[PDB]
Amino acid sequence: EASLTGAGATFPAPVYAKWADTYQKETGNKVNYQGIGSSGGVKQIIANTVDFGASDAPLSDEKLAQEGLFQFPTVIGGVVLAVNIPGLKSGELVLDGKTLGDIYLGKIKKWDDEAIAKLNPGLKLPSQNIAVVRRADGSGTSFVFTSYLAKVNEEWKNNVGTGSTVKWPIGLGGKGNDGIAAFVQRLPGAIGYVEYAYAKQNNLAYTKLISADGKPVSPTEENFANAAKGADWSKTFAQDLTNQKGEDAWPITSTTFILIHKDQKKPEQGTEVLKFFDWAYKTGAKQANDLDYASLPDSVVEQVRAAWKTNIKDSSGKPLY
């Protein structure tokens, strides 16, 4: 039995924790995962203080080669806008990318603003001020969210841009996906971006969004999967799944990655890390779906297995899988 430690992204933490609990029950192996944000996970794996790092933002091939790292995707999730608006039900409000960006820019300050009303004709919106909430820590969820906003709001693109950390025009900072969920829950009029599982598990209301194609869509596991239907995984695992075309394609979708060293100094540790993830691919789909994360296509996991064989080795050049 082995003890493994991983650290990073909170975006997939609910599913990694569930898989870890189940894996321990079935095999006795222990996986301790620390949700410290993608930026921290990258620093940790590079510092070699953990067996595997986790980040929703992919590293470029050149960055991977420079650090001697290998990266592979695990599941597909979606980012939603959790809101606390009195008298509004979950899924009733609809926002488009442009308007969402204007909210985060501080351009729109009340819930009954004309721009919001015209998108929601049947709604009686309250003249409640909008409390914008964003991440205080280096975050892969921030990366995905700002990648999306830069595509749909030129002013956002030109003035704040994309990144795991940006200079936010307005808003209070929350730590981790859990931190943002707690803020929305406690602040009447709040809007905050979180990975779907965090809104569902905390019973937070969320909005629908208008797809790249122009249709209002709901955030569901199937709709996250739909956004990924057109990704050419054979080209690269580092797929941008934001604002994708297609029916019922959730606009803020993203996969997430695990980072491990290619030259394993502690091969036993390396071998056990691959066994845990292989087990998750083979048996963990139901648990991922229970948490509303979509699974990667089988062709993609086969590509991952093939790459493990070629890339992961001990100091003697011996493959660990």
# chains A, B, ... in the order shown; residues from 1 in each chain; ligands from 1

$ closest_atom_pairs --of "region 219-275 of chain A" --to "region 201-214 of chain A" --cutoff "6 Å" --atoms "only C-alpha atoms" --output "CSV"
residue,atom,partner,partner_atom,distance
A:243,CA,A:212,CA,5.2
A:244,CA,A:212,CA,5.7
A:245,CA,A:212,CA,5.3
A:251,CA,A:211,CA,5.4

$ write_last_selection --atoms "C-alpha atoms" --output "compact mmCIF listing (two decimals), in the first residue's frame"
# COMPACT_ATOMS: atom_id res chain seq x y z
CA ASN A 243 -17.06 29.54 -26.39
CA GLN A 244 -17.31 26.52 -28.66
CA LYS A 245 -19.85 26.12 -31.48
CA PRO A 251 -19.69 28.30 -23.16

$ closest_atom_pairs --of "region 44-99 of chain A" --to "region 6-12 of chain A" --cutoff "10 Å" --atoms "only C-alpha atoms" --output "Markdown table"
| residue | atom | partner | partner_atom | distance |
| --- | --- | --- | --- | --- |
| A:44 | CA | A:7 | CA | 7.2 |
| A:45 | CA | A:7 | CA | 8.1 |
| A:49 | CA | A:6 | CA | 9.1 |
| A:50 | CA | A:6 | CA | 5.6 |
| A:51 | CA | A:6 | CA | 5.7 |
| A:52 | CA | A:6 | CA | 4.7 |
| A:53 | CA | A:7 | CA | 5.2 |
| A:54 | CA | A:8 | CA | 4.5 |
| A:55 | CA | A:9 | CA | 5.1 |
| A:56 | CA | A:9 | CA | 6.4 |
| A:57 | CA | A:9 | CA | 9.2 |
| A:74 | CA | A:12 | CA | 8.9 |
| A:75 | CA | A:12 | CA | 7.8 |
| A:76 | CA | A:12 | CA | 8.8 |
| A:77 | CA | A:12 | CA | 7.7 |
| A:78 | CA | A:11 | CA | 9.0 |
| A:79 | CA | A:11 | CA | 8.7 |

$ residues_around --residues "residue 97 (chain A)" --least-positions-apart "2" --cutoff "9 Å" --atoms "only C-alpha atoms" --output "MDAnalysis selection string"
chainID A and resid 95 99:102 148:149 151:153 209:211 251

$ atom_distance --atom1 "CA of residue 283 (chain A)" --atom2 "CA of residue 297 (chain A)"
13.8 Å

$ residues_around --residues "region 15-18 of chain A" --least-positions-apart "3" --cutoff "12 Å" --atoms "only C-alpha atoms" --output "ChimeraX atom specification"
/A:5-12,21-25,30-35,54,74-77,195-198,256-258,276-277,280-281,284-295

$ select_by_dssp --residues "region 135-282 of chain A" --states "strand (DSSP E or B)" --output "PyMOL selection string"
chain A and resi 135+172-174+190-195+205-206+208-210+216-217+242+252-261+263-264

$ closest_residue --among "A:147, A:83, A:59, A:225" --to "residue 182 (chain A)" --atoms "only C-alpha atoms"
A:83

$ closest_residue --among "A:238, A:119, A:136, A:217" --to "residue 173 (chain A)" --atoms "only C-alpha atoms"
A:136

$ atom_distance --atom1 "CA of residue 126 (chain A)" --atom2 "CA of residue 104 (chain A)"
18.7 Å

$ closest_residue --among "A:171, A:88, A:117, A:166" --to "residue 132 (chain A)" --atoms "only C-alpha atoms"
A:171

$ select_by_dssp --residues "region 57-258 of chain A" --states "helix (DSSP H, G or I)" --output "ChimeraX atom specification"
/A:61-67,97-105,114-119,140-152,154-159,176-186,196-201,221-228
